[PDB]
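Data from start.txt: compact mmCIF, C-alpha atoms and all ligand atoms
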```txt
# COMPACT_ATOMS: atom_id res chain seq x y z
CA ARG A 1 -54.78 -48.83 83.44
CA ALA A 2 -57.26 -50.51 85.84
CA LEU A 3 -56.12 -50.48 89.47
CA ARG A 4 -55.61 -54.07 90.60
CA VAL A 5 -56.22 -55.00 94.21
CA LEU A 6 -55.46 -58.38 95.77
CA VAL A 7 -57.67 -59.09 98.76
CA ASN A 8 -56.49 -61.86 101.10
CA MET A 9 -59.01 -64.46 102.31
CA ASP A 10 -58.19 -65.75 105.80
CA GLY A 11 -57.97 -62.92 108.31
CA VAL A 12 -59.43 -60.38 105.88
CA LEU A 13 -62.57 -61.88 104.29
CA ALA A 14 -62.99 -65.02 106.39
CA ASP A 15 -62.73 -65.19 110.15
CA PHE A 16 -60.13 -67.95 110.52
CA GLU A 17 -59.10 -66.85 114.03
CA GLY A 18 -62.63 -66.89 115.42
CA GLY A 19 -63.66 -70.07 113.63
CA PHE A 20 -60.54 -71.84 114.79
CA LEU A 21 -61.01 -70.84 118.44
CA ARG A 22 -64.61 -71.91 118.52
CA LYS A 23 -63.91 -75.27 116.96
CA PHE A 24 -60.79 -75.89 119.03
CA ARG A 25 -62.70 -75.23 122.28
CA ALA A 26 -65.58 -77.54 121.19
CA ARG A 27 -63.31 -80.42 120.16
CA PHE A 28 -60.73 -80.02 122.95
CA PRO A 29 -62.70 -78.65 125.97
CA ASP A 30 -60.06 -79.80 128.54
CA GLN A 31 -57.15 -78.10 126.80
CA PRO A 32 -56.05 -74.51 127.51
CA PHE A 33 -56.69 -72.05 124.64
CA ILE A 34 -55.61 -68.56 123.56
CA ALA A 35 -58.28 -65.89 123.76
CA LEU A 36 -58.18 -63.65 120.65
CA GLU A 37 -57.01 -60.61 122.62
CA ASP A 38 -53.93 -62.68 123.64
CA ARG A 39 -53.01 -63.86 120.17
CA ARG A 40 -49.57 -62.79 118.97
CA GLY A 41 -47.65 -63.80 115.83
CA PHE A 42 -49.20 -64.91 112.54
CA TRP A 43 -49.15 -68.68 113.09
CA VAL A 44 -51.85 -69.95 115.42
CA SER A 45 -50.08 -73.31 115.78
CA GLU A 46 -46.80 -71.74 116.89
CA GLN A 47 -48.40 -69.92 119.82
CA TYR A 48 -50.36 -73.06 120.81
CA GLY A 49 -47.11 -75.06 120.57
CA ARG A 50 -45.54 -72.70 123.14
CA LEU A 51 -48.58 -73.09 125.40
CA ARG A 52 -47.94 -76.89 125.71
CA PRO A 53 -46.54 -80.00 123.93
CA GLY A 54 -48.98 -81.60 121.53
CA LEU A 55 -51.14 -78.49 121.15
CA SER A 56 -49.59 -77.42 117.80
CA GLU A 57 -50.70 -80.74 116.27
CA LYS A 58 -54.18 -80.47 117.86
CA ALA A 59 -54.59 -76.89 116.51
CA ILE A 60 -53.56 -78.06 113.03
CA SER A 61 -56.15 -80.83 113.22
CA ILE A 62 -58.92 -78.23 113.44
CA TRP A 63 -58.16 -76.58 110.12
CA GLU A 64 -57.33 -79.87 108.45
CA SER A 65 -60.89 -81.02 109.25
CA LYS A 66 -63.62 -81.11 106.64
CA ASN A 67 -65.82 -78.00 106.64
CA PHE A 68 -63.41 -75.85 108.57
CA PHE A 69 -62.78 -73.44 105.71
CA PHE A 70 -66.28 -73.64 104.29
CA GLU A 71 -67.96 -72.78 107.59
CA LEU A 72 -65.83 -69.70 108.33
CA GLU A 73 -67.87 -66.57 108.95
CA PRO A 74 -67.17 -63.49 106.88
CA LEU A 75 -65.52 -60.65 108.80
CA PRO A 76 -67.88 -57.66 109.38
CA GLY A 77 -68.27 -55.56 106.28
CA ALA A 78 -65.97 -57.76 104.17
CA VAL A 79 -68.48 -59.12 101.64
CA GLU A 80 -70.14 -55.75 101.21
CA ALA A 81 -66.81 -53.90 100.79
CA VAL A 82 -65.38 -56.33 98.26
CA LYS A 83 -68.61 -56.36 96.25
CA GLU A 84 -68.48 -52.56 96.12
CA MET A 85 -64.78 -52.50 95.35
CA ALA A 86 -65.10 -54.89 92.41
CA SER A 87 -68.02 -52.78 91.01
CA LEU A 88 -65.88 -49.63 90.93
CA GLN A 89 -64.78 -48.26 87.60
CA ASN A 90 -61.15 -48.98 86.65
CA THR A 91 -60.81 -51.46 89.54
CA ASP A 92 -60.11 -55.22 89.29
CA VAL A 93 -60.28 -57.30 92.45
CA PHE A 94 -58.74 -60.70 92.95
CA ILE A 95 -59.02 -62.84 96.06
CA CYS A 96 -55.53 -64.14 96.84
CA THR A 97 -55.22 -66.95 99.31
CA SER A 98 -52.78 -69.71 100.21
CA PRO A 99 -53.95 -73.27 100.80
CA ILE A 100 -52.76 -75.22 103.90
CA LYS A 101 -50.40 -78.17 103.34
CA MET A 102 -53.17 -80.80 103.58
CA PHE A 103 -55.13 -80.21 100.39
CA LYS A 104 -58.08 -82.63 100.61
CA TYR A 105 -60.72 -80.02 101.54
CA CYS A 106 -59.09 -76.59 101.68
CA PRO A 107 -58.86 -75.58 97.96
CA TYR A 108 -62.34 -76.92 97.27
CA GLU A 109 -63.94 -75.22 100.26
CA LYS A 110 -62.34 -71.86 99.43
CA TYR A 111 -63.96 -71.96 95.96
CA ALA A 112 -67.26 -73.01 97.59
CA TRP A 113 -67.05 -70.14 100.11
CA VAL A 114 -66.40 -67.52 97.42
CA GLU A 115 -69.33 -68.91 95.39
CA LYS A 116 -71.60 -68.75 98.51
CA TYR A 117 -70.74 -65.13 99.39
CA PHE A 118 -69.89 -63.52 96.01
CA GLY A 119 -71.63 -65.72 93.45
CA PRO A 120 -70.48 -67.98 90.58
CA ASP A 121 -69.05 -65.13 88.50
CA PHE A 122 -66.57 -64.16 91.25
CA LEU A 123 -64.86 -67.54 91.07
CA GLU A 124 -62.94 -66.07 88.08
CA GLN A 125 -61.20 -63.73 90.56
CA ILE A 126 -59.60 -66.37 92.80
CA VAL A 127 -55.82 -66.80 92.90
CA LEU A 128 -54.60 -69.74 94.99
CA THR A 129 -50.87 -69.60 95.66
CA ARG A 130 -48.34 -70.20 98.44
CA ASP A 131 -46.30 -67.29 97.13
CA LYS A 132 -48.09 -63.96 96.90
CA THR A 133 -45.04 -62.08 95.70
CA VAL A 134 -45.39 -63.61 92.23
CA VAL A 135 -48.86 -62.11 91.84
CA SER A 136 -48.65 -58.60 90.40
CA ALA A 137 -51.01 -55.85 91.46
CA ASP A 138 -51.06 -52.34 92.86
CA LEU A 139 -52.25 -53.33 96.32
CA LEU A 140 -52.28 -56.41 98.53
CA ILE A 141 -54.57 -56.21 101.58
CA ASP A 142 -53.40 -59.01 103.85
CA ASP A 143 -53.26 -59.64 107.59
CA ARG A 144 -49.83 -61.33 107.53
CA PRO A 145 -47.08 -58.83 108.52
CA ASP A 146 -44.16 -60.37 106.64
CA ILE A 147 -44.97 -61.50 103.10
CA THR A 148 -41.98 -62.78 101.18
CA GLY A 149 -41.27 -65.25 98.44
CA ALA A 150 -39.51 -65.76 95.13
CA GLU A 151 -39.96 -62.13 93.98
CA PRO A 152 -37.69 -59.84 96.05
CA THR A 153 -39.51 -56.69 94.85
CA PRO A 154 -43.26 -57.29 94.59
CA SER A 155 -45.24 -54.90 92.44
CA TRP A 156 -47.91 -54.40 95.10
CA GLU A 157 -47.91 -52.16 98.18
CA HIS A 158 -48.83 -54.46 101.09
CA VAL A 159 -51.47 -52.86 103.28
CA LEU A 160 -51.71 -54.66 106.60
CA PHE A 161 -55.22 -55.67 107.50
CA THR A 162 -55.71 -55.58 111.28
CA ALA A 163 -56.23 -58.89 113.02
CA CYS A 164 -56.01 -59.98 116.65
CA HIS A 165 -52.53 -61.40 116.04
CA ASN A 166 -51.04 -58.19 114.55
CA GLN A 167 -53.00 -55.39 116.21
CA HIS A 168 -50.12 -54.41 118.54
CA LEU A 169 -47.38 -54.44 115.91
CA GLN A 170 -45.47 -51.34 115.15
CA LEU A 171 -44.77 -51.27 111.38
CA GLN A 172 -41.79 -49.70 109.61
CA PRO A 173 -43.17 -46.20 108.90
CA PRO A 174 -43.79 -46.37 105.12
CA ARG A 175 -46.10 -49.34 105.83
CA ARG A 176 -49.84 -48.70 106.17
CA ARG A 177 -52.87 -50.49 107.75
CA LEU A 178 -56.47 -51.06 106.83
CA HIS A 179 -57.94 -51.32 110.27
CA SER A 180 -61.21 -53.06 109.35
CA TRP A 181 -63.65 -52.99 106.46
CA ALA A 182 -65.40 -50.04 108.22
CA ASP A 183 -62.13 -48.08 107.73
CA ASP A 184 -61.70 -45.97 104.61
CA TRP A 185 -60.53 -48.51 102.05
CA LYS A 186 -61.56 -46.28 99.17
CA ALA A 187 -59.02 -43.65 100.25
CA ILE A 188 -56.33 -46.32 100.23
CA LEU A 189 -57.24 -47.39 96.67
CA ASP A 190 -57.51 -43.80 95.45
CA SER A 191 -54.02 -42.97 96.74
CA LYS A 192 -52.69 -45.53 94.20
CA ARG A 193 -54.66 -44.33 91.15
CA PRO A 194 -53.28 -41.93 88.49
CA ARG B 1 -32.26 -62.23 90.09
CA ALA B 2 -33.54 -65.84 89.77
CA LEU B 3 -35.19 -66.57 86.42
CA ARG B 4 -38.84 -67.40 87.03
CA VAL B 5 -40.61 -69.83 84.73
CA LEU B 6 -44.33 -70.60 84.80
CA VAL B 7 -45.08 -74.05 83.45
CA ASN B 8 -48.71 -74.72 82.46
CA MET B 9 -50.36 -77.99 83.56
CA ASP B 10 -52.95 -79.20 81.05
CA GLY B 11 -51.47 -79.62 77.60
CA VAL B 12 -47.90 -79.21 78.86
CA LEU B 13 -47.42 -81.45 81.93
CA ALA B 14 -50.65 -83.44 81.84
CA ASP B 15 -52.17 -85.04 78.78
CA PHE B 16 -55.67 -83.54 78.90
CA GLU B 17 -56.31 -84.11 75.18
CA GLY B 18 -55.43 -87.80 75.25
CA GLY B 19 -57.15 -88.48 78.56
CA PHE B 20 -60.28 -86.71 77.41
CA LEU B 21 -60.47 -88.64 74.12
CA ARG B 22 -60.00 -91.98 75.78
CA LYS B 23 -62.63 -91.34 78.40
CA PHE B 24 -65.08 -89.76 75.96
CA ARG B 25 -64.87 -92.80 73.65
CA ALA B 26 -65.35 -95.23 76.60
CA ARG B 27 -68.36 -93.39 78.03
CA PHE B 28 -69.96 -92.42 74.70
CA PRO B 29 -69.04 -95.25 72.26
CA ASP B 30 -71.92 -94.44 69.83
CA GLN B 31 -71.02 -90.77 69.46
CA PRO B 32 -68.61 -89.44 66.81
CA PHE B 33 -65.28 -88.12 68.19
CA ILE B 34 -62.35 -85.98 67.06
CA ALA B 35 -59.09 -87.80 66.53
CA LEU B 36 -56.16 -85.79 67.97
CA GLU B 37 -54.68 -85.10 64.53
CA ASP B 38 -57.99 -83.36 63.64
CA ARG B 39 -58.20 -81.18 66.72
CA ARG B 40 -58.22 -77.45 66.03
CA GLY B 41 -58.78 -74.53 68.42
CA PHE B 42 -58.02 -74.52 72.14
CA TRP B 43 -61.45 -75.51 73.47
CA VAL B 44 -62.27 -79.18 73.07
CA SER B 45 -65.96 -78.53 73.78
CA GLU B 46 -66.27 -75.92 71.03
CA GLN B 47 -65.08 -78.30 68.32
CA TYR B 48 -67.33 -81.10 69.66
CA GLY B 49 -70.24 -78.61 69.71
CA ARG B 50 -69.69 -77.99 65.97
CA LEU B 51 -69.60 -81.75 65.33
CA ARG B 52 -73.21 -82.13 66.67
CA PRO B 53 -75.82 -80.72 69.12
CA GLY B 54 -75.43 -82.00 72.65
CA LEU B 55 -71.79 -83.03 72.22
CA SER B 56 -70.36 -79.91 73.92
CA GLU B 57 -72.25 -80.81 77.11
CA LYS B 58 -71.19 -84.49 76.86
CA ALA B 59 -67.52 -83.47 76.39
CA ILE B 60 -67.74 -81.18 79.43
CA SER B 61 -69.17 -84.05 81.46
CA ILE B 62 -65.94 -86.00 80.99
CA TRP B 63 -63.70 -83.43 82.65
CA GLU B 64 -66.28 -82.61 85.29
CA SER B 65 -66.14 -86.27 86.39
CA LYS B 66 -64.28 -87.39 89.47
CA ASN B 67 -60.75 -88.64 88.74
CA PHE B 68 -60.50 -87.05 85.33
CA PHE B 69 -57.72 -84.67 86.31
CA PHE B 70 -56.04 -87.03 88.74
CA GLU B 71 -55.76 -89.86 86.21
CA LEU B 72 -54.20 -87.75 83.43
CA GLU B 73 -50.94 -89.15 82.14
CA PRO B 74 -47.88 -86.94 82.13
CA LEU B 75 -46.73 -85.86 78.67
CA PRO B 76 -43.44 -87.54 77.57
CA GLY B 77 -40.45 -85.98 79.23
CA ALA B 78 -42.51 -83.46 81.22
CA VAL B 79 -41.85 -84.68 84.77
CA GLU B 80 -38.17 -85.22 84.07
CA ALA B 81 -37.75 -81.79 82.42
CA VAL B 82 -39.53 -79.86 85.15
CA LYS B 83 -37.62 -81.68 87.88
CA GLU B 84 -34.37 -80.73 86.15
CA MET B 85 -35.51 -77.19 85.50
CA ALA B 86 -36.44 -76.56 89.13
CA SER B 87 -33.02 -77.97 90.26
CA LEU B 88 -31.13 -75.44 88.11
CA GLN B 89 -29.27 -72.65 89.80
CA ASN B 90 -30.98 -69.24 89.69
CA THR B 91 -34.21 -70.82 88.40
CA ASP B 92 -37.62 -70.87 90.15
CA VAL B 93 -40.40 -72.94 88.62
CA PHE B 94 -44.09 -72.55 89.31
CA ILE B 95 -46.86 -74.71 87.88
CA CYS B 96 -49.60 -72.34 86.69
CA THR B 97 -52.96 -73.82 85.90
CA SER B 98 -56.58 -72.72 85.66
CA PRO B 99 -59.37 -74.74 87.26
CA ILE B 100 -62.55 -75.59 85.26
CA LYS B 101 -65.81 -73.90 86.31
CA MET B 102 -67.06 -76.93 88.29
CA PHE B 103 -64.72 -76.98 91.27
CA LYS B 104 -65.71 -80.11 93.23
CA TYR B 105 -62.76 -82.27 92.13
CA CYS B 106 -60.50 -80.24 89.84
CA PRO B 107 -58.47 -78.08 92.31
CA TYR B 108 -58.03 -81.00 94.68
CA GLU B 109 -56.96 -83.44 91.98
CA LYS B 110 -54.42 -80.99 90.53
CA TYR B 111 -52.71 -80.75 93.94
CA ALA B 112 -52.87 -84.57 94.22
CA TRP B 113 -51.33 -84.99 90.74
CA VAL B 114 -48.45 -82.62 91.47
CA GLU B 115 -47.80 -84.47 94.77
CA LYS B 116 -47.83 -87.85 92.92
CA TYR B 117 -45.36 -86.79 90.20
CA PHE B 118 -43.18 -84.13 91.90
CA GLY B 119 -43.52 -84.86 95.61
CA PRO B 120 -44.93 -82.98 98.63
CA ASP B 121 -42.36 -80.18 98.50
CA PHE B 122 -43.42 -79.17 94.97
CA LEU B 123 -46.92 -78.31 96.14
CA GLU B 124 -45.41 -74.95 97.23
CA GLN B 125 -44.92 -74.15 93.51
CA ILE B 126 -48.56 -74.38 92.40
CA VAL B 127 -50.44 -71.28 91.26
CA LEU B 128 -54.14 -71.82 90.53
CA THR B 129 -55.70 -68.92 88.66
CA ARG B 130 -58.14 -68.19 85.83
CA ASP B 131 -56.00 -65.22 84.84
CA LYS B 132 -52.37 -65.96 84.05
CA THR B 133 -51.55 -62.40 83.11
CA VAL B 134 -51.55 -61.37 86.78
CA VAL B 135 -48.79 -63.85 87.55
CA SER B 136 -45.37 -62.28 86.99
CA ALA B 137 -42.45 -64.23 85.62
CA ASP B 138 -39.90 -64.22 82.83
CA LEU B 139 -41.45 -67.08 80.88
CA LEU B 140 -44.81 -68.79 80.56
CA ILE B 141 -44.77 -72.15 78.75
CA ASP B 142 -48.40 -72.79 77.84
CA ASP B 143 -50.25 -74.57 75.04
CA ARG B 144 -53.02 -71.95 74.73
CA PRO B 145 -52.29 -69.55 71.83
CA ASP B 146 -54.11 -66.48 73.10
CA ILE B 147 -53.57 -65.72 76.78
CA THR B 148 -55.19 -62.52 77.95
CA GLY B 149 -56.66 -61.12 81.11
CA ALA B 150 -56.67 -58.15 83.45
CA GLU B 151 -53.00 -57.24 82.82
CA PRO B 152 -52.62 -55.81 79.28
CA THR B 153 -48.81 -56.16 79.39
CA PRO B 154 -47.76 -59.37 81.14
CA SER B 155 -44.23 -59.56 82.43
CA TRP B 156 -43.64 -63.00 80.93
CA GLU B 157 -42.77 -64.00 77.36
CA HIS B 158 -45.36 -66.64 76.39
CA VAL B 159 -43.69 -69.61 74.74
CA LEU B 160 -46.26 -71.75 72.97
CA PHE B 161 -46.06 -75.40 73.89
CA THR B 162 -47.05 -77.59 70.94
CA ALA B 163 -50.28 -79.53 71.27
CA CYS B 164 -52.51 -81.29 68.76
CA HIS B 165 -54.88 -78.31 68.75
CA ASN B 166 -52.21 -75.67 67.94
CA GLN B 167 -49.61 -77.56 65.93
CA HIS B 168 -50.68 -75.99 62.60
CA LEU B 169 -50.90 -72.41 63.83
CA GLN B 170 -48.73 -69.78 62.33
CA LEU B 171 -47.67 -67.38 65.14
CA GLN B 172 -46.90 -63.66 64.83
CA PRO B 173 -43.12 -63.80 64.21
CA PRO B 174 -41.75 -62.57 67.58
CA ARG B 175 -43.63 -65.50 69.19
CA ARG B 176 -41.74 -68.73 69.87
CA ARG B 177 -42.62 -72.45 70.45
CA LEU B 178 -41.39 -75.20 72.68
CA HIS B 179 -42.19 -78.15 70.49
CA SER B 180 -42.10 -80.87 73.17
CA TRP B 181 -40.12 -81.58 76.31
CA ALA B 182 -37.49 -83.30 74.07
CA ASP B 183 -36.92 -79.87 72.45
CA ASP B 184 -34.24 -77.59 73.83
CA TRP B 185 -36.01 -75.90 76.73
CA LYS B 186 -32.73 -74.96 78.36
CA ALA B 187 -31.83 -72.76 75.38
CA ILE B 188 -35.16 -70.99 75.76
CA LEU B 189 -34.52 -70.31 79.47
CA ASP B 190 -30.93 -69.22 78.85
CA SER B 191 -32.02 -66.67 76.23
CA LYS B 192 -33.88 -64.85 79.06
CA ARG B 193 -31.06 -64.85 81.64
CA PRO B 194 -28.64 -61.92 82.21
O1 LIG C 201 -52.44 -69.82 111.69
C1 LIG C 201 -52.81 -69.86 110.50
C2 LIG C 201 -52.61 -70.94 109.66
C3 LIG C 201 -53.07 -70.86 108.33
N1 LIG C 201 -53.73 -69.71 107.85
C4 LIG C 201 -54.22 -69.58 106.48
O2 LIG C 201 -53.87 -70.78 105.73
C5 LIG C 201 -52.77 -70.49 104.81
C6 LIG C 201 -51.78 -71.66 104.82
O3 LIG C 201 -51.12 -71.83 106.07
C7 LIG C 201 -52.21 -69.15 105.33
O4 LIG C 201 -51.47 -68.50 104.26
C8 LIG C 201 -53.50 -68.45 105.72
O5 LIG C 201 -54.38 -68.28 104.61
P1 LIG C 201 -54.67 -66.85 103.84
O6 LIG C 201 -54.57 -65.65 104.84
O7 LIG C 201 -53.72 -66.75 102.67
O8 LIG C 201 -56.10 -67.07 103.14
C9 LIG C 201 -54.00 -68.64 108.73
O9 LIG C 201 -54.63 -67.65 108.36
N2 LIG C 201 -53.51 -68.75 110.03
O1 LIG C 202 -60.67 -77.90 76.25
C1 LIG C 202 -60.16 -77.66 77.36
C2 LIG C 202 -60.88 -77.31 78.49
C3 LIG C 202 -60.19 -77.05 79.69
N1 LIG C 202 -58.78 -77.16 79.76
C4 LIG C 202 -58.02 -76.90 80.97
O2 LIG C 202 -58.93 -76.49 82.04
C5 LIG C 202 -58.80 -75.06 82.28
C6 LIG C 202 -60.19 -74.46 82.49
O3 LIG C 202 -61.02 -74.52 81.33
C7 LIG C 202 -58.05 -74.55 81.03
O4 LIG C 202 -57.42 -73.28 81.35
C8 LIG C 202 -57.07 -75.69 80.82
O5 LIG C 202 -56.21 -75.89 81.94
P1 LIG C 202 -54.62 -75.48 81.98
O6 LIG C 202 -53.96 -75.62 80.56
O7 LIG C 202 -54.51 -74.09 82.56
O8 LIG C 202 -54.00 -76.42 83.14
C9 LIG C 202 -58.06 -77.59 78.63
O9 LIG C 202 -56.83 -77.75 78.67
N2 LIG C 202 -58.78 -77.81 77.45
MG MG C 203 -54.65 -64.01 105.87
MG MG C 204 -64.43 -52.98 88.50
MG MG C 205 -52.87 -75.84 78.98
MG MG C 206 -33.75 -73.75 91.19
```
structure tokens encoding of this file:
Amino acid sequence: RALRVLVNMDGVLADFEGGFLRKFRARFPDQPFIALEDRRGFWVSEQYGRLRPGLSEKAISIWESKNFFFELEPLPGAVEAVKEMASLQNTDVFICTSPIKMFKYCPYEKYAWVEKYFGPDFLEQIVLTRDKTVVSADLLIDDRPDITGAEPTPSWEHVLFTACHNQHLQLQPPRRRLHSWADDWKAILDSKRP
Amino acid sequence: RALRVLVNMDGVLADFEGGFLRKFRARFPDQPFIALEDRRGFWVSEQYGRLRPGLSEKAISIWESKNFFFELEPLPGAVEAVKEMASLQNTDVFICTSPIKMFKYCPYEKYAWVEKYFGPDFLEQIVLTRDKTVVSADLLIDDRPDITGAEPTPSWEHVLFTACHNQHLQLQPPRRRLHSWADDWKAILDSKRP
């Protein structure tokens, strides 16, 4: 009866792409980098790998570092929108995020970040999973174009959240975007209600 | 098409009740304790709270401590059964566990424990959530009797895994138990297949 919305963390709430570029440039000032307008394809490390040998591993070392996830800046409007969304009648919001392979810091820091921006009570809304298709909901707002896993027919409609890496992608017509948090997310939610 | 089984961590894979009692008795040797045969009700801290003032907070301090989750012993047969289960044709296994409120160690250590007992590739199967009803599957094997949340009609059948705290409970007849990992878990899975 309550509409259930899964909101992705990196690329939707937290500015992974911007945080990564800043920290990559500071740590590796003599390496070439990819400006955000030139990002293509979901995986940062894949595009850096194509740019030169060794750069995939150096990119990965940025997000494996302590405080990388914790120090990510919220995307404009994201905290405000999710706070409002969760406060809506008949609306349950979960934050659905996948941890990286190296798990020393990342899970912890994601909990710490949600506490910092949404408060202790919002920690109850976090779902950490590598497979988003096994989480059931009406909507999934997520910047990754292709979201697959063990469930061939997910219950959610995936709404693509615009990010530098996907902004040029033509989607298969049924598929829909949320262009930013300034865009009309309430209309998207309402289209799914009874 | 693949049968999806959610296997709970504490009380099913990891011996939380035994680990807790041992560490509580070592840290607080002059306090009364609850032998496992006398445990009743899911929440350890609630029963300790009834035993005397201040004991809820002392119990909580055990599982909030560094290395509590990591050092939990697997329950008999649990690692072997889950390894076999995941290897079965047309069978996907996820480990579904809720973190405690204090998140400094617990998420991290749960990933570390799964790596230790199941290997790096099994980390892909972990689902960390406070609300298990929003995870879709055919089965949930979990020692907690009452599992509720945002989804009023979960897709899974909850099979109650026997634990000291629930072993005397009469269930509402449709409901089923897995009595231990030595019990016939394959028959339970097969009853759900096409
Ligand atoms: O190039 C990358 C690499 C990683 N990630 C975030 O980390 C999760 C695990 O790879 C990815 O699933 C994603 O986290 P999420 O969007 O689920 O919070 C990126 O965002 N971009
Ligand atoms: O008395 C207690 C207190 C906590 N827990 C485990 O920690 C999660 C959060 O409370 C509880 O959900 C449970 O973890 P899970 O079974 O999901 O791995 C217990 O097991 N017993
Ligand atoms: Mg993302
Ligand atoms: Mg609400
Ligand atoms: Mg349990
Ligand atoms: Mg299998």
Could you list, as an mmCIF file with C-alpha atoms, in the coordinates of the input, all residues that come within 9 Å of ligand MG 204 (chain C)? Count all atoms listed in the file.
```
data_model
loop_
_atom_site.group_PDB
_atom_site.id
_atom_site.type_symbol
_atom_site.label_atom_id
_atom_site.label_comp_id
_atom_site.auth_asym_id
_atom_site.auth_seq_id
_atom_site.Cartn_x
_atom_site.Cartn_y
_atom_site.Cartn_z
ATOM 1 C CA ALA A 2 -57.260 -50.510 85.840
ATOM 2 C CA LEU A 3 -56.120 -50.480 89.470
ATOM 3 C CA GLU A 84 -68.480 -52.560 96.120
ATOM 4 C CA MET A 85 -64.780 -52.500 95.350
ATOM 5 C CA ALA A 86 -65.100 -54.890 92.410
ATOM 6 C CA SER A 87 -68.020 -52.780 91.010
ATOM 7 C CA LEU A 88 -65.880 -49.630 90.930
ATOM 8 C CA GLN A 89 -64.780 -48.260 87.600
ATOM 9 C CA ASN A 90 -61.150 -48.980 86.650
ATOM 10 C CA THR A 91 -60.810 -51.460 89.540
ATOM 11 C CA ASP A 92 -60.110 -55.220 89.290
ATOM 12 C CA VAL A 93 -60.280 -57.300 92.450
#
```
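Using only C-alpha atoms for every distance, the candidate list A:113, A:69, A:103, A:24 yields A:103 as the residue closest to chain B.
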Exercise. Given a cut-off of 8 Å, what residues near ligand MG 203 (chain C) show up using only C-alpha atoms and all ligand atoms, put as a PyMOL selection string?
Worked result: chain A and resi 8-12+97+142-144
With the cut-off set at 10 Å and counting only C-alpha atoms, tabulate each residue of chain A with an atom at most that distance from an atom of chain B, showing the nearest atom pair and its distance in Å to one decimal, ordered by chain and increasing number, as JSON lines.
```
{"residue": "A:1", "atom": "CA", "partner": "B:152", "partner_atom": "CA", "distance": 8.4}
{"residue": "A:2", "atom": "CA", "partner": "B:150", "partner_atom": "CA", "distance": 8.0}
{"residue": "A:3", "atom": "CA", "partner": "B:150", "partner_atom": "CA", "distance": 9.8}
{"residue": "A:4", "atom": "CA", "partner": "B:150", "partner_atom": "CA", "distance": 8.3}
{"residue": "A:91", "atom": "CA", "partner": "B:150", "partner_atom": "CA", "distance": 9.9}
{"residue": "A:92", "atom": "CA", "partner": "B:150", "partner_atom": "CA", "distance": 7.4}
{"residue": "A:93", "atom": "CA", "partner": "B:150", "partner_atom": "CA", "distance": 9.7}
{"residue": "A:94", "atom": "CA", "partner": "B:134", "partner_atom": "CA", "distance": 9.5}
{"residue": "A:96", "atom": "CA", "partner": "B:129", "partner_atom": "CA", "distance": 9.5}
{"residue": "A:98", "atom": "CA", "partner": "B:127", "partner_atom": "CA", "distance": 9.4}
{"residue": "A:99", "atom": "CA", "partner": "B:124", "partner_atom": "CA", "distance": 9.4}
{"residue": "A:100", "atom": "CA", "partner": "B:124", "partner_atom": "CA", "distance": 9.9}
{"residue": "A:101", "atom": "CA", "partner": "B:123", "partner_atom": "CA", "distance": 8.0}
{"residue": "A:102", "atom": "CA", "partner": "B:111", "partner_atom": "CA", "distance": 9.7}
{"residue": "A:103", "atom": "CA", "partner": "B:108", "partner_atom": "CA", "distance": 6.5}
{"residue": "A:104", "atom": "CA", "partner": "B:108", "partner_atom": "CA", "distance": 6.2}
{"residue": "A:105", "atom": "CA", "partner": "B:108", "partner_atom": "CA", "distance": 7.4}
{"residue": "A:106", "atom": "CA", "partner": "B:108", "partner_atom": "CA", "distance": 8.3}
{"residue": "A:107", "atom": "CA", "partner": "B:107", "partner_atom": "CA", "distance": 6.2}
{"residue": "A:108", "atom": "CA", "partner": "B:104", "partner_atom": "CA", "distance": 6.2}
{"residue": "A:109", "atom": "CA", "partner": "B:104", "partner_atom": "CA", "distance": 8.7}
{"residue": "A:110", "atom": "CA", "partner": "B:103", "partner_atom": "CA", "distance": 9.9}
{"residue": "A:111", "atom": "CA", "partner": "B:103", "partner_atom": "CA", "distance": 6.9}
{"residue": "A:112", "atom": "CA", "partner": "B:103", "partner_atom": "CA", "distance": 7.9}
{"residue": "A:120", "atom": "CA", "partner": "B:101", "partner_atom": "CA", "distance": 8.7}
{"residue": "A:121", "atom": "CA", "partner": "B:101", "partner_atom": "CA", "distance": 9.6}
{"residue": "A:123", "atom": "CA", "partner": "B:101", "partner_atom": "CA", "distance": 8.0}
{"residue": "A:124", "atom": "CA", "partner": "B:130", "partner_atom": "CA", "distance": 5.7}
{"residue": "A:125", "atom": "CA", "partner": "B:130", "partner_atom": "CA", "distance": 7.2}
{"residue": "A:126", "atom": "CA", "partner": "B:129", "partner_atom": "CA", "distance": 6.2}
{"residue": "A:127", "atom": "CA", "partner": "B:129", "partner_atom": "CA", "distance": 4.7}
{"residue": "A:128", "atom": "CA", "partner": "B:128", "partner_atom": "CA", "distance": 4.9}
{"residue": "A:129", "atom": "CA", "partner": "B:127", "partner_atom": "CA", "distance": 4.7}
{"residue": "A:130", "atom": "CA", "partner": "B:124", "partner_atom": "CA", "distance": 5.7}
{"residue": "A:131", "atom": "CA", "partner": "B:124", "partner_atom": "CA", "distance": 7.7}
{"residue": "A:132", "atom": "CA", "partner": "B:135", "partner_atom": "CA", "distance": 9.4}
{"residue": "A:133", "atom": "CA", "partner": "B:136", "partner_atom": "CA", "distance": 8.7}
{"residue": "A:134", "atom": "CA", "partner": "B:136", "partner_atom": "CA", "distance": 5.4}
{"residue": "A:135", "atom": "CA", "partner": "B:135", "partner_atom": "CA", "distance": 4.6}
{"residue": "A:136", "atom": "CA", "partner": "B:134", "partner_atom": "CA", "distance": 5.4}
{"residue": "A:137", "atom": "CA", "partner": "B:134", "partner_atom": "CA", "distance": 7.3}
{"residue": "A:150", "atom": "CA", "partner": "B:92", "partner_atom": "CA", "distance": 7.4}
{"residue": "A:151", "atom": "CA", "partner": "B:2", "partner_atom": "CA", "distance": 8.5}
{"residue": "A:152", "atom": "CA", "partner": "B:1", "partner_atom": "CA", "distance": 8.4}
{"residue": "A:154", "atom": "CA", "partner": "B:136", "partner_atom": "CA", "distance": 9.3}
{"residue": "A:155", "atom": "CA", "partner": "B:136", "partner_atom": "CA", "distance": 9.2}
```
